[PDB]
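Enquirer: Just passing along the structure, written as structure tokens.
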Amino acid sequence: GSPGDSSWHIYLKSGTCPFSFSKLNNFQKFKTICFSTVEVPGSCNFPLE
Amino acid sequence: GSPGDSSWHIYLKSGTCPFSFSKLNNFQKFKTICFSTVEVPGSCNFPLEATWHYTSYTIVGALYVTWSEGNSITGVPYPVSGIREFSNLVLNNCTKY
Ligand SMILES: *[C@@H]1O[C@H](CO)[C@@H](O[C@@H]2O[C@H](CO)[C@@H](O)[C@H](O)[C@H]2NC(C)=O)[C@H](O)[C@H]1NC(C)=O
Ligand SMILES: *[C@@H]1O[C@H](CO)[C@@H](O[C@@H]2O[C@H](CO)[C@@H](O)[C@H](O)[C@H]2NC(C)=O)[C@H](O)[C@H]1NC(C)=O
Ligand SMILES: *[C@@H]1O[C@H](CO)[C@@H](O)[C@H](O)[C@H]1NC(C)=O
């Protein structure tokens with residue numbers, strides 16, 4: 001309710017993917033994506049800090 | 001018995017290894033290999049993919065492989081049996097030596 005999170009700063013880093021997270025909303029073209037939050041072989045990652 | 005697998009297409013992809021899977025049988029030279037199917041630190045991988053008439057894709061497993069460089073172990077296309085020392089030579093028209 002009261003934002004005790006005013007001091008904690010949680011944000012994304014830049015991992016090993018050959019693109020950025022905040023620039024997927026620009027006109028980037030792919031073939032298929034399938035995001036996930038558990039480990040899948042053959043996949044890069046964005047850490048969380 | 002009856003091949004219900006006539007519609008499912010399971011095949012390998014190309015992972016992060018600096019060579020290909022279908023070209024290890026050519027005359028590639030290594031030092032030691034030790035293939036495995038469970039996770040070992042310091043090893044690249046070939047993913048394994050499944051699909052139904054190429055509509056939707058999924059990832060099933062992997063193949064893990066280590067190596068080191070050398071000139072001791074050599075791939076061979078097919079196991080010729082009976083020969084004491086493996087060599088081959090084709091004369092008089094165009095080959096790939
Ligand atoms: C500091 O204390 C105040 C009151 O003691 C907390 O305010 C309420 O705390 C309760 C229980 O934690 C919450 O259910 C209410 O939502 C809080 N009020 C509001 C307006 O949000 C306050 O949260 C405390 N600060 C913390 C825990 O960081
Ligand atoms: C579709 O049905 C037929 C018969 O109902 C299946 O044929 C046999 O199925 C049994 C049990 O599944 C197997 O033990 C036999 O080996 C099958 N026969 C042959 C010649 O293979 C058929 O397999 C079914 N198709 C499926 C399950 O995809
Ligand atoms: C060329 O190589 C082939 C190998 O398939 C062999 O059959 C043939 O006799 C050779 N010579 C000529 C003139 O085609």
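Every chain in the structure tokens takes a letter, A first, then B, and so on in the order presented; its residues are numbered from 1, and the ligands are numbered from 1 following the presented order.
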Skip residue 28 (chain A) itself and residues of its chain fewer than 4 positions away, then list as JSON, numbers by chain all residues within 10 Å of it, counting only C-alpha atoms.

Expert: {"A": [19, 23, 24]}

Enquirer: For the residues in the current selection, export C-alpha atoms as a CSV table (one decimal), in the first residue's frame.

Expert:
```
chain,number,residue,atom,x,y,z
A,19,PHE,CA,19.4,-7.1,-29.4
A,23,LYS,CA,14.1,-1.8,-28.5
A,24,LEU,CA,11.9,-4.8,-29.4
```

Enquirer: Run DSSP on the backbone and give me the residues of chain B it puts in strand (DSSP E), as a list in words.

Expert: residues 8, 9, 10, 11, 12, 29, 30, 44, 45, 46, 47, 48, 49, 50, 51, 52, 57, 58, 59, 60, 61, 62, 63, 64, 65, 73 and 74 of chain B

Enquirer: What are the closest atom pairs, with distances in Å to one decimal, for each residue of chain A lying within 9 Å of chain B, using only C-alpha atoms, rows by chain and rising residue number, as JSON lines?

Expert:
```
{"residue": "A:40", "atom": "CA", "partner": "B:59", "partner_atom": "CA", "distance": 7.7}
{"residue": "A:41", "atom": "CA", "partner": "B:47", "partner_atom": "CA", "distance": 6.7}
{"residue": "A:42", "atom": "CA", "partner": "B:47", "partner_atom": "CA", "distance": 6.7}
```

Enquirer: Could you list, with a cut-off of 8 Å and counting only C-alpha atoms and all ligand atoms, the residues of chain B near ligand 2, each shown with its nearest atom pair and the distance in Å rounded to one decimal, rows sorted by chain and ascending number, as JSON lines?

Expert:
```
{"residue": "B:1", "atom": "CA", "partner": "ligand 2", "partner_atom_place_in_ligand_line": "21 (O)", "distance": 3.3}
{"residue": "B:2", "atom": "CA", "partner": "ligand 2", "partner_atom_place_in_ligand_line": "21 (O)", "distance": 3.3}
{"residue": "B:3", "atom": "CA", "partner": "ligand 2", "partner_atom_place_in_ligand_line": "21 (O)", "distance": 7.0}
{"residue": "B:4", "atom": "CA", "partner": "ligand 2", "partner_atom_place_in_ligand_line": "28 (O)", "distance": 4.2}
{"residue": "B:5", "atom": "CA", "partner": "ligand 2", "partner_atom_place_in_ligand_line": "28 (O)", "distance": 7.8}
```

Enquirer: Write to file, as a PDB file, in the first residue's frame, the residues of the selection just made, with N, CA, C and O atoms.

Expert:
```pdb
ATOM      1  N   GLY B   1       4.556 -50.226 -34.622  1.00  0.00           N
ATOM      2  CA  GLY B   1       4.417 -51.135 -35.743  1.00  0.00           C
ATOM      3  C   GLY B   1       4.025 -50.390 -37.001  1.00  0.00           C
ATOM      4  O   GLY B   1       4.838 -50.222 -37.915  1.00  0.00           O
ATOM      5  N   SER B   2       2.777 -49.947 -37.061  1.00  0.00           N
ATOM      6  CA  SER B   2       2.370 -48.994 -38.079  1.00  0.00           C
ATOM      7  C   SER B   2       3.021 -47.656 -37.764  1.00  0.00           C
ATOM      8  O   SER B   2       2.913 -47.181 -36.626  1.00  0.00           O
ATOM      9  N   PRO B   3       3.700 -47.027 -38.713  1.00  0.00           N
ATOM     10  CA  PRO B   3       4.436 -45.797 -38.399  1.00  0.00           C
ATOM     11  C   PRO B   3       3.535 -44.590 -38.194  1.00  0.00           C
ATOM     12  O   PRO B   3       3.289 -43.814 -39.123  1.00  0.00           O
ATOM     13  N   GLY B   4       3.042 -44.418 -36.963  1.00  0.00           N
ATOM     14  CA  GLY B   4       2.335 -43.199 -36.600  1.00  0.00           C
ATOM     15  C   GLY B   4       3.207 -41.960 -36.629  1.00  0.00           C
ATOM     16  O   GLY B   4       2.682 -40.842 -36.662  1.00  0.00           O
ATOM     17  N   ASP B   5       4.529 -42.140 -36.650  1.00  0.00           N
ATOM     18  CA  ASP B   5       5.532 -41.095 -36.790  1.00  0.00           C
ATOM     19  C   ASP B   5       5.648 -40.561 -38.208  1.00  0.00           C
ATOM     20  O   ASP B   5       6.622 -39.858 -38.495  1.00  0.00           O
TER      21      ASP B   5
END
```

Enquirer: Using only C-alpha atoms and all ligand atoms, which residues of the polymer chains come no farther than 8 Å from ligand 3? I'd like the answer as a ChimeraX atom specification.

Expert: /B:90,92-94
